[PDB]
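# Observations on chain architecture
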Amino acid sequence: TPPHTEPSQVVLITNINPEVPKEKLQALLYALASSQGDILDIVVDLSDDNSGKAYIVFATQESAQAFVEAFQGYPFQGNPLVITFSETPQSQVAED
């Protein structure tokens, strides 16, 4: 029963241990990502101390949802791994 809530070629991940640098962390996010769908660009926050999050951009919602559901409940970098979609607006260009 696919609800279909707008397109999303990007996914937002959280609850990630900032103990690991984006250099290594990102490298891992890509390995797993590729295992499911193709990656167009993997973004990562500044590895805060209370935030610790990132965003993995895939080819399309098809691949994203595949990886999100494929790892929706899998122990990564510890155990508590959360994976969800995100928003991809385009008004910044519409206005000008």
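Definitions and cut-offs
- Residues numbered from 1 in each chain as written, not as in the entry; some residues may be left out.
- Heavy atoms only, no water.
- Axes fitted to C-alpha atoms, helices over the stretch in contact; angles between N-to-C directions.
- Helix = DSSP H or I, 4+ residues; strand = E, 2+ residues; numbered from the N terminus.
- Parallel < 35°, antiparallel > 145°, perpendicular 65-115°, else oblique.
- Left-handed = near helix turned anticlockwise from the far one by under 90°.
- Contact = heavy atoms within 4.5 Å.
- Core = buried A, V, L, I, M, F, W, Y, C linked by side-chain atoms within 4.5 Å.
- Buried < 20%, exposed > 50% of the residue type's maximum accessible area, 1.4 Å probe, protein only.
- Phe/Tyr/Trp six-rings, centres within 6.5 Å; stacked < 30°, edge-to-face > 60°.

The PDB entry lists the chain under the name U1 small nuclear ribonucleoprotein A, with Homo sapiens given as the organism.

This brings us to the packing of helix α1 (residues 22-36) against helix α2 (residues 61-70). Pairs of packed helices are described in terms of their axes, by the angle between the two and the distance that separates them. Axis separation between α1 and α2 bottoms out at 9 Å; the angle between their running directions is 110 degrees. Viewed along their axes, α1 and α2 adopt a mutual orientation that is roughly perpendicular. The chirality of how α1 crosses α2 is right-handed. Here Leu32, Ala33 and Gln36 of α1 come into contact with α2, specifically with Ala66, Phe67 and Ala70.

Here the focus is the nonpolar core. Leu29, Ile56, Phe58, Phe67 and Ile83 are the most contacted members of the largest nonpolar core, which totals 21 residues. With four residues, α1 is the single largest residue contributor to this core. Sequence-distant contacts of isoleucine 56, defined by excluding residues within four places in its chain, comprise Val10, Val11, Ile13, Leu29, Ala33, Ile39, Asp41, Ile42 and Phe67.

Scanning the entire structure with this criterion turns up three aromatic pairs. When the centroid spacing of 4.6 Å and the interplanar angle of 20 degrees are considered together, the rings of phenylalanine 67 and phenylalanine 71 count as stacked. Taking relative accessible area as the criterion, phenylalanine 67 reaches 3% and is therefore assigned buried.

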